[PDB]
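Naming convention: chains lettered A, B, ... in sequence-line order (proteins, then strands); numbering from 1 in each chain. Order of listing sets the numbers, starting from 1, for every ligand and every atom in it.
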Amino acid sequence: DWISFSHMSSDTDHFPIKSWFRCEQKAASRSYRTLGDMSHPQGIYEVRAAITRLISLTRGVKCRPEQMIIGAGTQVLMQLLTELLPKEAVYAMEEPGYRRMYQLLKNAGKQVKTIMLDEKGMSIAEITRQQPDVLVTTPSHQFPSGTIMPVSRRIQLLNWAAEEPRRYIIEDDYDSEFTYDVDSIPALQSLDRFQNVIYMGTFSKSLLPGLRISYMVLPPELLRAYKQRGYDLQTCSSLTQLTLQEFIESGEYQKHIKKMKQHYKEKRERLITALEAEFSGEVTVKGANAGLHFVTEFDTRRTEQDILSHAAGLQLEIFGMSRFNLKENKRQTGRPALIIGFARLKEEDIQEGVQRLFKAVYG
Amino acid sequence: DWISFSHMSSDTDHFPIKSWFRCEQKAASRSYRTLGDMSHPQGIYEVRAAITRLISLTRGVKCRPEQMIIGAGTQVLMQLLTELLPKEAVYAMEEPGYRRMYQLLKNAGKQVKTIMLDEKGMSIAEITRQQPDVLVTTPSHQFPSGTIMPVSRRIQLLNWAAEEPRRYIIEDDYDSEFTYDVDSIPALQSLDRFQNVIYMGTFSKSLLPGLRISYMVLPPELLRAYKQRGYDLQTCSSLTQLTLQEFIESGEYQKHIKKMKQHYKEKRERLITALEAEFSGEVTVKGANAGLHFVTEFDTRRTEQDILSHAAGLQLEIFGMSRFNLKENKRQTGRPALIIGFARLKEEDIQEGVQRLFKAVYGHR
Ligand SMILES: Cc1ncc(COP(=O)(O)O)c(CNCCCC(=O)O)c1O
Ligand SMILES: *Cc1c(COP(=O)(O)O)cnc(C)c1O
């Protein structure tokens, strides 16, 4: 009975789960003799090669498959990365941003500066002033604000990293697969002429988060630091990797993304239109030109926690922007701001969801 | 025409891949609408409940699913543990042992003591001497010497840990689904009255056709430490989790374990008979009646490296004890003690494998 405006979930109904299992039988019969065993620690080479081709095609990312590392989550690869990067590196994160990564870095004993955003995303002025060593950025659709970083700002960050040795940018290209605006913008890593960027990718938005498949691409110098480790074991089963590779090479991935691009586009249009009507125009929407969510701000007498406590009662799954407040202070000011995810939201349940949303906002 | 005496986990020839895939289907059907969600960070709860019920009756492990953390393999679970334990904790490991885990700890910048064995396992003598803060131990079937630590030694370790704060015992239970003849002695943590043991288990032996599924059971203090972080995400795919749960609860698992046990019971018997037949009083089989490996000591004038070198020339794959040293600096190998691993040993390969081993142990015949 719940309706879900979650940005963390997907509808199982639009994922071709039967194709996936069919690829799995194919991968299994292809590599039956050795499915049993562990893969190369970075992941199967042929599989790393398929991905390499994919992200070069879609994101213009330039690399050799040996630079790629596959892992069971962005957060296992982020941890590893903190061990490849200089021990005394000062990290910098978007504010607001991904609270888990913030917590991960702190718990690793790192200093994390918090960089505020402007209309173009991560503030280059703040970056220069604070002087961190490594930036963590989400250029395709800033998490959670949704700002698509323009190539002008991408170049600004790439010039910053070039100006001094041992500066790195971690490019978190999370939900970069769908675009409802001018066409794609090549990843920072592709615009880079000096190998200062670590490109991170995941299959959680395109596939299903249940499937724990992610990867990252290392500059050569960090790759040699990884290989010098010797003890690392792969975290994705051999069959999972081969199933993904089969899913992609068969073209099913390409079909799935193209179908979904259209599906999300139209569902996003519907949902917004229904927000503007039900709220009479008295709602502010931001970060809606890409990705699987946007941000909505309301004029109401209620606090964010009131709306959230109430929306929970109306059986509406929804999250407050306060969830993404990195630098702490008792400072909720202005309009309550909520993130509106729509991957998990049914076509049929848009009108009801907006009405439930209205009631939770106003009473 | 290679023959391998080097495997300690099965392969796809041994695994009912079809049963697994069919359980995966059913699990997926049952839990369709929830695949679009990411798991609970400790793993799906009802999965944790299933494993817990299982391990309580097979190993005598006493715990609640609330204390269990599921992960994509033992490495990732060990990595996390080092972050839950005191930063400046000193670790200690058995020698001979799992070198990979030695490097993991060393790369994490930890002090690691190396602790020799006697005929009851990890040396309490050496432990009370070298004074570490946390022990890493394989009490059910030592890796790779095969020693089953007796309860008297388990109690000594337990008492040791209880004596000062910030002392813990990691218990690596890795192949305890296979016990031959006499029933097993339960897991060490079944004796753990003061919450000093962290139980680490895996499905790598009893199953692994590549599956990355392990789990660890935490004492409340470390569990609270874990819940304090708030940033951890499950690494084991939700599909793998539900499948295994179905595999277990459908009964398919015990049926598999029952079959494999007899199969490995046969092979160990048939292999030891053959060793005793071609060698006689010249072979000593040291090791327990458990697991997928044992230790052979040879009464020969060849050195370990000689035998290993003649072994590769006869296309027989084996390892001597010296491989399982954790550390090395200015010394080398030893004298005829090899470990035999028979998880992937064809029955047809037994006599020929034993005949090559005989050749390599003298260089004649
Ligand atoms: C900022 C950011 N980057 C990457 C990911 C993908 O993570 P996995 O590869 O799936 O482990 C995510 C995923 N996050 C959803 C959680 C959002 C929340 O509100 O907690 C992410 O956010
Ligand atoms: C196989 C094994 C493990 C478990 O490793 P996984 O990460 O579960 O594959 C742990 N300890 C020892 C000694 C082993 O041989």
Side-chain angles (χ1 to χ4, degrees), chain A residues 6-10 37-38 71-78 93-94 96-103 136-138 140-144 170-176 200-216 233-235 237 291-293 319-321 323-324 339 341 343, chain B residues 7-9 37-39 41 71-79 93-94 96-101 104 136-138 140-144 170-175 200-208 210-216 230-236 291-293 324 341 343:
Chain A
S6 187
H7 58 296
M8 297 190 306
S9 285
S10 287
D37 308 322
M38 300 272 204
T74 306
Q75 295 274 109
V76 58
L77 296 176
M78 276 300 311
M93 288 201 53
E94 302 163 320
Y98 197 5
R99 177 106 209 162
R100 286 206 183 84
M101 202 160 301
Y102 182 73
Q103 292 168 296
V136 185
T137 188
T138 38
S140 297
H141 185 258
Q142 202 279 329
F143 192 80
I170 297 169
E171 175 167 24
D172 188 0
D173 227 6
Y174 178 64
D175 69 4
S176 54
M200 306 210 66
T202 168
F203 282 91
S204 295
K205 283 296 212 196
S206 47
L207 306 183
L208 242 44
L211 296 332
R212 302 267 69 225
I213 310 170
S214 314
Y215 58 89
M216 71 172 167
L233 290 167
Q234 176 53 227
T235 47
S237 76
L292 289 189
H293 77 256
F319 295 91
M321 290 273 321
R323 180 185 173 78
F324 308 107
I339 152 267
Chain B
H7 285 99
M8 344 256 186
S9 68
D37 316 327
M38 18 183 189
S39 163
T74 292
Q75 178 203 341
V76 79
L77 286 180
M78 282 300 322
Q79 185 54 40
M93 298 181 65
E94 306 160 329
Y98 198 9
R99 152 143 190 106
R100 178 171 273 113
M101 252 278 285
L104 189 155
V136 192
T137 189
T138 50
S140 290
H141 188 62
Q142 204 275 337
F143 190 71
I170 303 181
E171 177 192 10
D172 187 330
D173 203 30
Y174 63 102
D175 61 18
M200 179 97 45
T202 188
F203 284 85
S204 287
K205 314 287 118 99
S206 44
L207 314 186
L208 164 124
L211 276 6
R212 311 305 301 134
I213 328 156
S214 300
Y215 55 84
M216 75 177 169
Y231 70 87
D232 292 287
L233 287 171
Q234 175 64 214
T235 56
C236 188
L292 297 176
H293 74 263
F324 308 96

Practice prompt. First locate atom OG of A:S237, then atom CZ of B:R212, and finally report the distance between them rounded to the nearest 0.5 Å.
Written response: 9.0 Å
Item to complete: Please identify which atoms of ligand 1 are closer than 4.0 Å to at least one heavy atom of A:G73.
Response: 11 (O)
Worksheet item: Considering only heavy atoms of B:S204, which atoms of ligand 2 have at least one such atom less than 4.0 Å away?
Response: 6 (P), 8 (O), 9 (O)
Worksheet item: Do A:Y102 and B:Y231 have ring centres separated by under 6.0 Å?
Response: no
Worksheet item: How far is atom 9 (O) of ligand 1 from its nearest protein heavy atom, and which residue and atom name does that atom have?
Response: A:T74 OG1, 2.4 Å
Item to complete: Note the single closest protein heavy atom to atom 7 (O) of ligand 2, along with its residue, its atom name and the distance in Å.
Response: B:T74 N, 2.8 Å
Worksheet, complete the sentence: Separation between OG1 (A:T74) and CD1 (A:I213), nearest 0.5 Å, reads 12.0 Å
Worksheet item: Atoms of ligand 1 less than 4.0 Å from A:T202 heavy atoms?
Response: 6 (C), 8 (P), 9 (O), 10 (O)
Worksheet item: Within the distance-only criterion (no hydrogens, no angle test), does the side chain of B:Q79 pair as donor or acceptor with the backbone N or O of A:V76 below 3.5 angstrom?
Response: no
Worksheet item: Got a second to check how far A:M93's CE is from A:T137's OG1, nearest 0.5 Å?
Response: 9.5 Å
Worksheet item: Can a donor-acceptor pair be found between the side chains of A:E94 and A:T138 at a distance below 3.5 Å?
Response: yes
Response to the item:
Honestly, for A:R323 the part within reach of ligand 1 (heavy atoms, under 4.0 Å) is side chain
Worksheet item: Hey, does the side chain of A:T202 reach the backbone of A:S204 with a donor-acceptor pair shorter than 3.5 angstrom?
Response: yes
Worksheet item: How far is atom 21 (C) of ligand 1 from its nearest protein heavy atom, and which residue and atom is that?
Response: A:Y98 CE2, 3.3 Å
Worksheet item: Would you say the ring centroid of B:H293 lies under 6.0 angstrom from that of B:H7?
Response: no
Worksheet item: Can a donor-acceptor pair be found between the side chains of B:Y174 and B:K205 at a distance below 3.5 Å?
Response: no
Item to complete: Verify, without hydrogens or angle tests, whether B:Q75 (side chain) and A:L233 (backbone) share a donor-acceptor contact under 3.5 angstrom.
Response: yes
Discussion item. So, 4.0 Å and heavy atoms of A:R212: is ligand 1 close enough to count as a contact?
Written reply: yes
Practice prompt. Compute whether any side-chain donor of one residue and acceptor of the other, for A:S140 and A:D173, lie under 3.5 angstrom apart.
Written response: yes
Worksheet item: So is B:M38 in contact with ligand 1, going by heavy-atom distances below 4.0 Å?
Response: yes
Response to the item:
ligand 2 to B:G73, heavy atom cutoff 4.0 Å, flagged ligand atoms 7 (O)
Worksheet item: Considering only the protein, which heavy-atom contact is closest to atom 15 (C) of ligand 1, and what is its distance?
Response: A:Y174 OH, 3.6 Å
Worksheet, complete the sentence: Residue, atom and distance of the protein heavy atom nearest atom 17 (C) of ligand 1 read A:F143 CZ, 3.4 Å
Discussion item. Can you tell me which portion of A:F324 lies within the under-4.0 Å heavy-atom range of ligand 1? Options are side chain, backbone, both, or neither.
Written reply: side chain
Discussion item. Can you name the atoms of ligand 2, numbered from 1 with element, that are less than 4.0 Å from a heavy atom of B:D172?
Written reply: 10 (C), 11 (N), 12 (C)
Discussion item. With a 4.0 Å cut-off on heavy atoms, is A:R100 in contact with ligand 1?
Written reply: yes
Practice prompt. Just need the protein heavy atom nearest to atom 8 (O) of ligand 2, so name the residue and atom and give the distance.
Written response: B:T202 OG1, 2.7 Å
Worksheet item: Relative to the heavy atoms of A:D172, which atoms of ligand 1 are at a distance of less than 4.0 Å?
Response: 1 (C), 2 (C), 3 (N), 4 (C)
Discussion item. Measuring from non-hydrogen atoms of A:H7 to any atom of ligand 1, is the shortest distance under 4.0 Å?
Written reply: yes
Fill in: Numbered atoms and elements of ligand 2 in range of B:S214, under 4.0 angstrom, heavy atoms
8 (O)
Item to complete: To the nearest 0.5 Å, tell me how far B:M78 CE sits from B:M200 CE.
Response: 5.0 Å
Worksheet item: Should you measure from each heavy atom of A:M38, which atoms of ligand 2 turn up under 4.0 Å away?
Response: 9 (O)
Worksheet item: Under 6.0 Å between the ring centres of A:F324 and A:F143?
Response: yes
Discussion item. On a heavy-atom basis, I'd like to know which of B:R212, B:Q75, B:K205, B:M8 is closest to atom 14 (C) of ligand 2.
Written reply: B:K205
